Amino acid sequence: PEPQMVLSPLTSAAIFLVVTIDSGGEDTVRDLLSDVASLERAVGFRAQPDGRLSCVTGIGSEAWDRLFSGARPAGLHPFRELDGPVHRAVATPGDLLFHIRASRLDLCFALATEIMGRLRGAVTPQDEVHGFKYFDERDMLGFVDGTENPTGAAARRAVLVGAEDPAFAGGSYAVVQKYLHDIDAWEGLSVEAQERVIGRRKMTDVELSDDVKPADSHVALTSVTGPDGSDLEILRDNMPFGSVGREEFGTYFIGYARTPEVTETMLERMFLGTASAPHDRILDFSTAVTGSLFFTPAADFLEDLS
């Protein structure tokens, strides 16, 4: 099975586009999905080797049933609202996800324009975020973001559907959440207190010792061992965004995994808490305003459609 470009080289810009499919618009979308690889080539081929343009296309649970009449990926379902004592993870509408990445924003934008040109009249926009990484892989909170993502054989193992669902091998599951930060409150904490929130040193990105690492740190709560005691892993490509005039400072979260169960367990521990921790401390400075789940099929699945 040939996968879509989930395991991409590092990129400094992205566009995330989420849409809903209007009544009667299904045949226009099917035609579009069968052409999306060919559009990615047309826009990116002339800009190699430095443009590094890729699009990952994802389909939600309700959209799947409208578009395809056969079998359904095993793990695919609507994003599941989490209502904890203090923090909530909302569910917002999303039928299609276009996760466009490149080494610059104009390549991302050219691709988006062609895609949405083909879809006009058949879809309704729900969200559009222009992302940009900091020059040292930092997010809006000032911390390095990405360090413990898996790489190589490890990332493929964690991210790509295999034997457990063989008609959908080479697919993945993506969860997306747009988070807005309370930057005034964050910058009133001392460096050392911010380090207890995250679980790693700020300037040098060293993990705090097991003896100092609080139970309600982000790193403690997103660390999960499986039945066999091996680490459970996902691949993130979080992107800063915002608008200085409106005081909007953001992290767009996106996590890929071979089954949503892994990403859903991490979210459960963040929002609902554990025996030792009420919730992830990062949520006292971060509000979720979207939540959607998408299956990203293998590339040949998309090509062989009508």
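We number the residues from 1 along the sequence you see.
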Fill in the blank from the handout: Ranked by mean Cα B-factor in the entry, 95-103 and 228-236, top stretch is 228-236
Exercise for the section: Could you settle it for me: does 255-263 or 63-71 have the higher average Cα B factor in the PDB entry? Expected result: 63-71
Problem - Residue, from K133, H77, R196, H130, that the PDB entry assigns the highest Cα B-factor - result: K133
Practice task
Check the PDB entry and point out which of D205, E192, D165, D145 has the largest C-alpha temperature factor.
Solution key: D165
Completion exercise
Temperature factor at the Cα of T20, chain-ranked in thirds, falls in the lowest
Exercise for the section: Would you mind ranking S209 by its C-alpha B-factor against the rest of the chain and naming the third, lowest, middle or highest? Expected result: highest
Handout entry: Entry-reported Cα temperature factor of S38, expressed as the chain third it lands in
Key = lowest
Fill in the blank from the handout: Tertile call for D182 (CA temperature factor, within chain, third-based) is the highest
Completion exercise
Assert third(CA B-factor, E137) within chain per record equals lowest
